[PDB]
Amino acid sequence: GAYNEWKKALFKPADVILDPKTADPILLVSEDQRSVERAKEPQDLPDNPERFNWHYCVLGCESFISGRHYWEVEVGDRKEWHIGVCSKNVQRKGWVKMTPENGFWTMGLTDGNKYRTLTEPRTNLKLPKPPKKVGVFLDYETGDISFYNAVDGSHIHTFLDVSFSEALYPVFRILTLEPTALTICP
């Protein structure tokens, strides 16, 4: 459809790989650096400054300061996940709420069927079908972050007219221990 035919004409396809140095020690980054899973217990890793030590988050290796970009994430049959972008300057040590005011622009799924935007307050999304693959789209200049069902091209959510100042990283978060991973499409 139009989604497939037009996406690269309008947005530059980002080749996003996960940065193991940023991943919470309870997270496992795959060898090919496209997939993330959760461990039963935290691994023994350094608390280097780049690492999220409280939030179960991991970042992409590269950030954006301009232009239009997109990447796709296979969420599959996961019951829980949150993806989007965050500012380079987010608090990585300890806890703050993942909201736009704290530099996080994400949406996702909890409890198998509760789709929401991580905002203050959180807003519930009504999706006609559960997405298996999600397209994340960034237009830095217009300040739009948009999410689409990457299979049927249907709209999921758009953060509108954000005045971005900082560089933006792709961000990924998983809380649950389940057999299906969260995977970036190349």
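All residue numbers are counted from 1 along the displayed sequence.
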(Q) If you take the mean CA temperature factor per stretch, which one wins between 145-153 and 23-31? (A) 145-153
Q. Going by the B-factors listed in the PDB entry, is the mean over the C-alpha atoms higher for 82-90 or for 96-104?
A. 96-104
Q. Which is it among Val171, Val162, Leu175, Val16: the one with the largest CA B-factor in the entry?
A. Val162
Q: Tell me which of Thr158, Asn53, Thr123, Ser63 tops the list for C-alpha B factor in the record.
A: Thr123
Q) When the modelled residues of the chain are sorted by Cα temperature factor, does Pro128 land in the lowest, middle or highest third? A) highest
Q) Lowest, middle or highest third: where is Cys185 by Cα B-factor in its chain? A) highest
Q) Comparing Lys40 with the other modelled residues of its chain, is its CA B-factor in the lowest, middle or highest third? A) highest
**Q.** Within-chain third of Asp111 by Cα B-factor, per the entry
**A.** highest
